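K.L.:
Next up is a structure, given as structure tokens.
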Amino acid sequence: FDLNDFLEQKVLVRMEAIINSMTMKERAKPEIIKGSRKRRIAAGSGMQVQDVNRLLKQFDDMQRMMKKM
RNA sequence: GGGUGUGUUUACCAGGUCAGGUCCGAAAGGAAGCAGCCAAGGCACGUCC
């Protein structure tokens, strides 16, 4: 379960714009998304890292449930 | 090394465009700009000087 899927599924159109600023590699291996990328992704989707760093948290809570059942 | 062809590769660090999103503006409208793509470069191979 990568970001690509997590995308399928107001505050929504912004949680998407934040993914639309990533690269295919990222949308697959979110881990590699450390500091510098996090940055690029914020400013690209017009956000604050807190936003990007936020979504990643969501993909995680989400990843977990998924990689559980 | 140069021209050119092909395959492969390349998050951002003043190339072009820029979905999406952001910015400024009461508005009309401006502004920067990620991903993509194009371009460019890297690695090879073919070919020409």
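Just remember, in the structure tokens the first chain shown is A, the second B, etc., residues are 1-based per chain, and ligands are 1-based in the order shown.
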Give the residues of chain B that lie within 12 Å of chain A; count only C-alpha atoms (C1' of nucleotides), and format the answer as a count of residues only.

P.N.:
14

K.L.:
According to DSSP computed on the backbone, where in chain A is there alpha helix (DSSP H)? Give the residues as a PyMOL selection string.

P.N.:
chain A and resi 3-8+12-17+35-44+49-66

K.L.:
When you look at residue B:40 with a cut-off of 12 Å (counting only C-alpha atoms (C1' of nucleotides)), what residues show up, excluding the ones that are within fewer than 4 positions of it in the same chain? I need them as a ChimeraX atom specification.

P.N.:
/B:10,15-16

K.L.:
Separation of atom CA of residue A:66 and atom CA of residue A:35, in Å?

P.N.:
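These two atoms are separated by 25.6 Å.
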